[PDB]
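Scroll down for the structure; my scribbles are underneath it.
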Amino acid sequence: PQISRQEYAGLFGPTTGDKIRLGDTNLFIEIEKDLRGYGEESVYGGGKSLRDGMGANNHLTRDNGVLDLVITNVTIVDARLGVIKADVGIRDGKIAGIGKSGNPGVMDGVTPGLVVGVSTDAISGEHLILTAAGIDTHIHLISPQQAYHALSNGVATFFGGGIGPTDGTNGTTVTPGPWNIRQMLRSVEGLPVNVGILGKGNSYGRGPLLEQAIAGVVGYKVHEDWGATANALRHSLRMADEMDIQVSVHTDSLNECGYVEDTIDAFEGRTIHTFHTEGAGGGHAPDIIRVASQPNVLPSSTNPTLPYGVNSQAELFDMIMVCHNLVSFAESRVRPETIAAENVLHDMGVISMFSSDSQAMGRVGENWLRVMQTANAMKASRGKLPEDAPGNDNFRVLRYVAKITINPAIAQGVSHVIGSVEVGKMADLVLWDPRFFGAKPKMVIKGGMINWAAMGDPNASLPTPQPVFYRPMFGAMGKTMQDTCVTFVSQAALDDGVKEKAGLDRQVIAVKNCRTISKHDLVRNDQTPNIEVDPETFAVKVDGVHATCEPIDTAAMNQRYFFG
Amino acid sequence: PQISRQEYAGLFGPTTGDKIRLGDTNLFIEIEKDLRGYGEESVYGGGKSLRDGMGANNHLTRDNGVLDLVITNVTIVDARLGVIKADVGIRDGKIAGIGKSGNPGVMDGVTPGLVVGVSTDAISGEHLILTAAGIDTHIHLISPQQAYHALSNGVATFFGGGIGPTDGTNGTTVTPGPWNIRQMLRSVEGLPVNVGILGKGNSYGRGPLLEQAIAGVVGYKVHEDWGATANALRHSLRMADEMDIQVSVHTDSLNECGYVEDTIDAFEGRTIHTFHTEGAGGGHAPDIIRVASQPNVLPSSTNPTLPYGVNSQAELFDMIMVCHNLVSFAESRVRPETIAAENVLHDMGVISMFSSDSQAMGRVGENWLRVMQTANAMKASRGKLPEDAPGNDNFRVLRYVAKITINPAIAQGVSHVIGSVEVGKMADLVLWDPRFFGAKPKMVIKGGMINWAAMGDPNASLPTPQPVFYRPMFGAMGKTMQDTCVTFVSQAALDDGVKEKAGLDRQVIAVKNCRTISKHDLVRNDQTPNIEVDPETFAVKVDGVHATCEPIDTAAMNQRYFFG
Amino acid sequence: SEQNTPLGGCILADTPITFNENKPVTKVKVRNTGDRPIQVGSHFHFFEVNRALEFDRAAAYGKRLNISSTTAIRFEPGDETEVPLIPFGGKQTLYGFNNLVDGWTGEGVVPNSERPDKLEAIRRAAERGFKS
Amino acid sequence: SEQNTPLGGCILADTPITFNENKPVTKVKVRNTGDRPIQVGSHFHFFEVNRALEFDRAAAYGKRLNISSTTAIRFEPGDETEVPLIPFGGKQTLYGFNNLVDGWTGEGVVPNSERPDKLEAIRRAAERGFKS
Amino acid sequence: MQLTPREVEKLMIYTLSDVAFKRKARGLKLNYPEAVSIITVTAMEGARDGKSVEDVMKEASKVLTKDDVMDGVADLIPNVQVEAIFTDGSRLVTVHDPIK
Amino acid sequence: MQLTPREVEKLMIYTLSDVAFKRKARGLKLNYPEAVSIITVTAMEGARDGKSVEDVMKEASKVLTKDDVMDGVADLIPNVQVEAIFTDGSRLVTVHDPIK
Ligand code: NI
Ligand code: NI
Ligand code: NI
Ligand code: NI
């Protein structure tokens, strides 16, 4: 038979050629591909297709590869797969398939591995967007409660450091030394997010670095506050290459031991992650932004400058002046010209990642929000990216998504296990209502279980009655919370028995592929142009073109959606 | 700079748009894609690019993901990847990557995972074709020496049965009972091919089937010789579905308990592998070929009828009359009309696999030879397949390749580990000279080591001096031969500790995904047309069209190449 | 357009969706002979529907309703409706429902005869009380 | 054509191959001042070639010969040849050879100055005996 | 007072609606949370006042207009549901398309 | 309403400031918590009202005097900080020496 699109959509959601508005933004995504045929559509319910002997197989044991979970008729927004409509399948807390789910007994075209059976539960994705969960590379471990704010914006992995609210943690992403590391590994067992910890890089010999490596860190953080010296850099990077771990940097803002060019030379063409690349959050003043030209630099921005708004200068000024309990350090630190420039460079694919800088100038619960907010402000000011397709904003959206998903993963050497909706990966997933995209998710799926969700009255006759607020779920409960969460570590540590030694019940996974990567390995954000900054007026030129845009008055996904 | 194609080719072999003649055939393959850029071409030698600190990395330890082996500048002919030019990389006896190999320090565009280093050895693929190793699903375990004949035509996996030259083995692919199975598992430890063993299916209750399942079989073989009854079928298939193992069949030639239609009904829409689907090798006379219409049937032909030649009728006649120590059984068994039909159906994608029937009417060392011989006879008679591209024979070639590679694997539930040149798979690979394609390989790579090769005088000053003949290599030696070879088993067996119990040093891998598959899951050979056979004249109609072709006088890759 | 779409809204293309196009269609006449409403879904094995439904049961062997996945047809007491039927796909292996088949429902290979397991099924329906 | 190709032969297209197109080219003049032949390959760090070769060594810093991968240039005794030079790609990290650099050979970020590690390298060449 | 989890949870509603009612009275156009609050409490208070489910439903579907909300909020609130304590017990109230 | 941890937390502020504003209107001199509440909500409400960070800052630095607080409270409140949701997003507001 023949059915109208409108009727089809109502049953099954949007198909190839259909367009979806991402909130109250002016971004419109379009479905590129529909992997789940027509006429044999898998839906859970009374009188529906995923019933016994019909869409569901009723004779196969689980060891035949029957699924543990299926997400049906869902729109996948992923930086590597693009914008597709598919069934998604989970087995052993891993993504087994993307395609057409059902029962091959009674159905043509069931994707191998997507057999629904006796073992299978179901999620109805018809009117939903599925993303990879975000990854926040710049976490200060000041407060355990950050995790909750994060899960509530669709972030489920933390990279950083600290030891609670010490003055060192308030300023840097460091967990210093083997005692403190051990302690912190043990603590995070109580958190419903994945974690990897960073160590203190400012050391003269190998000894003090190696120490922390074996103790379990995934990285070394080089910070001004503890000394952002050439020495620090050099030894940190040399060790890193030895240990297959990452190095992150917060450069010398004062220009004490050098200018940016000297820092660059301290990198010695070695892979490095550069936090708040613009400089409002720290770095060689006015011109740390020039590191975004280099192939060995994996650049990030912290989220308080994105998007650039009318209140942005006022805020930042006042913030530093309290951050550093303080004026010529101030107005040199806080530069309208470079902030605008950061925005543009993002849109170009020259700054490759978003981050929070949690409770050290940024907002742990706003990375997915701000990303979307930025994409939309930038469409307005610049129009369509050249690579956009005329009818849709896919190219753009997808650039931005890479920023909080696959790119962070790649940077910290965990793209083998997390960061994209792809076969063989850990199911660290987020479900969104389009109406709420970026802002307010439906749920978080954390190791194949729902860990976090928007839930109303537990006494009510439905799950939807008011008050609806974010709450832990069963994956967040008991021994499952550890079972479903990863503690990232060094291979050195893994090999030394960190899991036993530290007594960790978390999944313990070795970071890998941190040192052979470059800017060009980054997804949709692989551009290395010439960047020039004017030491007087702080004006930024990118391949000779002035890089600016005007501040926004009104943000999307903002006062409409939030009481906060 | 600018270089001529001809000069380029001489250095690096063929690139995108270049065409290669497969032997003395009229088949021409064309390179679809070139994955390994231009100007940074990785080659082993004195004064070349894969030297220390240049194309090769000299500072990374192996745990950074440096390769164990690299095959450079090679033309990949694979049923899932197609016809591409790439670097191929091996790590931990597995395919880590297909792309551009080198040193990211000094080179742009190195595929992740394809870092060449201190750990890396090299193979020069410039003037070579790389295939997946073939898989022979119909092996009679009559003679251990078959393995050598197989390796020498590019086959490295055996599925079948037997117990040496017993009358039961001479006729069927059965290893009957738990004692015999154990024995045979233990024996094959001495063979340089992968193996999975088949059991005897002709049983009334579950007991006798389950027995063999736990003992380690991957399948049950239902044969006339031991009874090809409805009972047999039914119980075999029911068990199979329980055990996630396969069932293969050799049907009742005499029509004793039934006609083909009754056999079909005994299958009870359950997945099944049908040997010698044409019938010259056994089966319901004249019309077993009609099983190739059914979605649950995974059809195979044995190799003595392919290609159809002028001596084919004479041979086969006389063969049965000795096979069965014997005339109205004979001329009903041996039908020119259905033999021609088999040839056509192959070319259509209706018969999905080639097989040998080793020393029980077919030729263990001729599967790759005959496949190519068939493709070429068929091009001649039929012309271009409709889906062929005008300038090339890729569509065709690739259909045929699927027949000895990925399709067998899928049928026996081992496509997860073997059968295609794809990332994450066991490196079970064959290297060929185009000049010799299908006939005479260069080498076999068996679990990441070279196990078998064409080697001349071991006393000589080179490897090439005469006499050149096939010889075992180091992968075929010592404890490595077991380390690099797989013994396929049932999950039941695996779970019961077959490896310990039987004392096997081989890799022991559980078969999986045998029962949810259908004809449509097969690669390039997924067609289910209407097939009709005339009970008088044995004429075959396929969707109403007479299915015939004329016999060949002269085979390609034949008397030019072989003394045999 | 884009200027008019609500928050999270969809802009749908025009082209209708065509489903089940290849599949051969059998029309059967269905009367509900019970006192209570009967409703049947898209993927149910029509052959095995509520005993109280009276239709040509033989014709529904291996069949489902040729309607949209997930939807249903309602048969109110004492009413007659014509319904389109189509065969199941895949392997045509039907386990469970009312335990009438618990197997293969395909045609097999012989045009202008019935498979005996079909005739068995049909006989068994009759004496389990499934109205034809 | 196809009718004319030998067994295993190739039918090559016409279009020439273009390599290293983006990369900036430095021409240097090279004299072999030794008594023995010197031959240098495509991926060798030209800066670090045989002491007996006399050329503008500073100009070869971070450079390779702009020739076909795997090929080489032969410098016979007492002969002079001009050679095209191009920078290395990737990370521009050069370890080993004659232990002149054992690092980063990039330009860095300041147009119309030299990085000091480059000047170090160049000085070190001079007093290890590498002729300029 | 022996407050149960259900009782305590309902304090959130009361607090957000008080803020919301103050804002609406300043002429502010309401957002999503705020609007949902006002509809929810209207129902709840009706229940307490002794009305029927039917009657409260009407009442709550009429408290807010398109004008009173920020553009688009309607699209965000297709229905509101709350359990309230009626004379005959706890009952679910669905309020259909409350922003007309 | 899909309340996030940040949203829920802010209800505490609203509840304490309502109490605080009632007390100030009785002529009670405010304590530390109470005073911090009133300054905080003033900012927050400004944000919502559509003002600039600059403008709310002024407003909040002027709501309470020395007279309105208990002796010494000033010494306890050198600055107040809150994140509010401005038209352009969430922003930090520092209010310098609010009790003058
Ligand atoms: Ni920082
Ligand atoms: Ni920080
Ligand atoms: Ni046979
Ligand atoms: Ni046989």
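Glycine gets a Cβ as well: all are built from the backbone with ideal geometry, and neighbour counts include every protein chain shown. Values in this text are rule-based calculations from the coordinates and carry no lab data.
Quick notes
- Environment charge at B:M557 (Cβ cut-off 13 Å; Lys +1, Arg +1, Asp -1, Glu -1): +2
- Rel. contact order, % - alpha carbon contacts under 8 angstrom, at least six apart, the range B:475-564: 16 percent
- Loop sites in the range B:454-556: trypsin sites (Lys or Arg not before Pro), DSSP, at most 13 other Cβ within 10 Å: B:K479
- Phi angles of the range B:391-406 translate, via the Karplus equation with coefficients 6.51, -1.76, 1.60 and θ = phi - 60°, into HN-Hα couplings of x, 9, 9, 4, 3, 4, 3, 5, 4, 4, 4, 4, 4, 9, 10, 7 Hz per residue; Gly and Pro are given as x.
- Global geometry of the range A:91-156, whether rounded, prolate or oblate, following the gyration tensor of its Cα atoms and the 1.5 cut on a/c: prolate
- Normalised convex hull volume, chain E, alpha-carbon set, Å³ per residue: 94 Å³
- From the alpha carbon centroid of the range C:60-84 to that of the range B:234-305 is 36 Å.
- Structural descriptor for the range F:1-66: relative contact order 27 percent, calculated from alpha carbon pairs under 8 angstrom and at least 6 residues apart.
- The range A:205-288: trypsin sites (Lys or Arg not before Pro) in DSSP loop, at most 15 other beta carbons within 10 Å: A:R206
- Pairwise FRET efficiency - D:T5 versus B:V468, Cβ, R0 = 30 Å, nearest 0.05: 0.75
- Other protein chain C-beta atoms within 10 Å of residue C-beta, averaged over E:78-84: 5.
- Candidate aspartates and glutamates - alpha carbon under 12 Å from F:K66, same-chain residues fewer than 8 apart omitted: F:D75, F:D97
- Computed from phi, the 3J(HN,Hα) profile of the range A:148-159 under the Karplus parametrisation 6.51, -1.76, 1.60 (θ = phi - 60°) reads 6, 5, 5, 3, 6, 10, x, 10, 10, 9, 10, 10 Hz, with x in place of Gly and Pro.
- Modelled this way, with points 7 Å down the Cα-to-C-beta line, the labels at B:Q2 and D:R124 are 4.1 nm from one another.
- Computed over chain C, the percent of Cα pairs more than 20 Å apart is 51.
- The loop-placed GluC sites (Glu not before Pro) in the range B:499-562, going by DSSP, that have at most 10 neighbouring Cβ atoms within 10 Å of their Cβ come out as B:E536.
- Cα gyration tensor shape for the protein assembly as shown, rounded if a/c is under 1.5, else prolate or oblate: oblate
- Table column - 3J(HN,Hα) (Hz), the range B:67-80, Karplus curve with 6.51, -1.76, 1.60, x for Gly and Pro: 5, 8, 7, 9, 10, 9, 6, 10, 8, 8, 10, 9, 5, 9
- Environment charge at A:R51 (Cβ cut-off 15 Å; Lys +1, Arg +1, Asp -1, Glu -1): -3
- Shielding by other protein chains, D:40-46, mean Cβ within 10 Å: 6
- Alpha carbon centroid spacing (whole Å) that separates the range E:1-46 from the range B:146-220: 74 Å
- Close amide-amide hydrogen proximity is noted between A:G199 and A:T175, A:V218, A:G219, A:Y220, A:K221, each under 5 Å apart and 5 or more residues distant or on a separate chain (H modeled in the peptide plane; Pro and chain starts excluded).
- Cα gyration tensor, the range B:392-474 - rounded (a/c under 1.5), prolate or oblate: oblate
- For E:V93, the amide hydrogen comes within under 5 Å of the amide hydrogens of E:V82, E:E83, E:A84, counting only partners 5 or more places away or on other chains and with H modelled in the peptide plane.
- Radius 11 Å from Cβ of B:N311, net charge of other residues (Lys, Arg +1; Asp, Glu -1): -3
- Amide H contacts of A:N311 (H built 1.01 Å from N, under 5 Å, at least 5 apart or other chain): none
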